[PDB]
């Protein structure tokens, strides 16, 4: 429908920790916006199965966060592997954005990309090499006019789809508050 090489691919992952060589992806969510940040479609929201030995690497922050959100129970019950999650996500993205055109979009999105390189390289390859990191704008705003940041807040639930929706909302806020284009 609104297929376009200008559309943007937004992605958020949840993991068992911060180290791609040690930890695993346990949730993924994608959203496609047009170039003006209008949400066109939401992609698969996938809890990825991991065995207890991998869940057992989680520190207290991860254990308490992902248990209280319900993610751990969804991971334990999930029948979807990383490979099947890649397949579902690519089948979605091919309907909205051509391969290799969209930067990877999100907050501190270089961290997610590291996990994609290690665990989902076929999906990493779908992105253009550039990054649209909303937290770049957050950090520049903090230094140039920090009072702006009091006008926006996040819930931060660490449910991947809700968090990437907050990333888009943050950029929409910056478009009006700190940009003049």
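Residue numbers count along the first chain shown, from 1.
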Using only C-alpha atoms and the B-factors in the entry, which stretch averages higher, 89-97 or 106-114?
89-97
Per the PDB record, is the mean Cα temperature factor higher over 151-159 or over 133-141?
151-159
Per the coordinate record, which of the options 45, 56, 68, 123 holds the highest CA temperature factor?
68
Entry-reported Cα temperature factor of residue 28, expressed as the chain third it lands in
lowest
Place residue 34 in the lowest, middle or highest third of its chain's C-alpha B-factors, as listed in the PDB entry.
middle
